[PDB]
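Chemist: an experimental structure, sequence included, is below.
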Amino acid sequence: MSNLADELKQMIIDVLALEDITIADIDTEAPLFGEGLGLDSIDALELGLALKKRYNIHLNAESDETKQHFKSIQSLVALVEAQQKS
């Protein structure tokens, strides 16, 4: 696994300003919109937009496809890391 998952966990934790939560507390595959963070669609846009600013990631947070990759950091890593390559 790349260090991107840690970056994404920290970026997600930092962007969402989670309290008493660090990259260690949240598993890479932990559901962002589930038991874990329990984020909302508005948060997905903020995160996706932040991601867009951070790595120019063209993600359609409104689209379910992005939601599919936003299930957990593992998926986010697949998206963002995929763009990181080349």
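Modeler: Received the coordinates, thanks. Numbers count the residues shown, from 1 in each chain.

Chemist: give the contact list for residue 67.
Modeler: By Cβ atoms under 8 Å, 6 or more residues apart in numbering, residue 67 lies in contact with 33, 44, 61. Every residue, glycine included, has its C-beta placed from N, CA and C.

Chemist: can you flag which of the residues you listed belong to helices?
Modeler: Using DSSP state H, the members of the contacts of residue 67 that fall within helices are residue 44.

Chemist: what is the nearest of the contacts of residue 67 to residue 14?
Modeler: residue 44 (15.7 Å; Cβ to Cβ).

Chemist: ok, that closest one - contacts?
Modeler: 32-33, 61, 66-67, 70.

Chemist: same thing with residue 29?
Modeler: With contact set as Cβ under 8 Å, 6+ apart, residue 29 has these partners: 72-74.

Chemist: mind putting those residues in CSV, neighbour count included?
Modeler: Converted to CSV, the contacts of residue 29 look like this (neighbours: other Cβ atoms under 10 Å):
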residue, neighbour count
72, 24
73, 27
74, 15
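
Chemist: can you add distance to residue 51 and secondary structure and give these back as a markdown table?
Modeler: Converted to a markdown table, the contacts of residue 29 look like this (distance: Cβ to Cβ, whole Å; DSSP: H, G, I helix; E, B strand; the rest coil):
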| residue | distance to residue 51 | secondary structure |
| --- | --- | --- |
| 72 | 14 | coil |
| 73 | 11 | helix |
| 74 | 15 | helix |
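
Chemist: which one of these sits closest to residue 18?
Modeler: Nearest member of those to residue 18, counting by Cβ to Cβ, is residue 73, at 12.9 Å.
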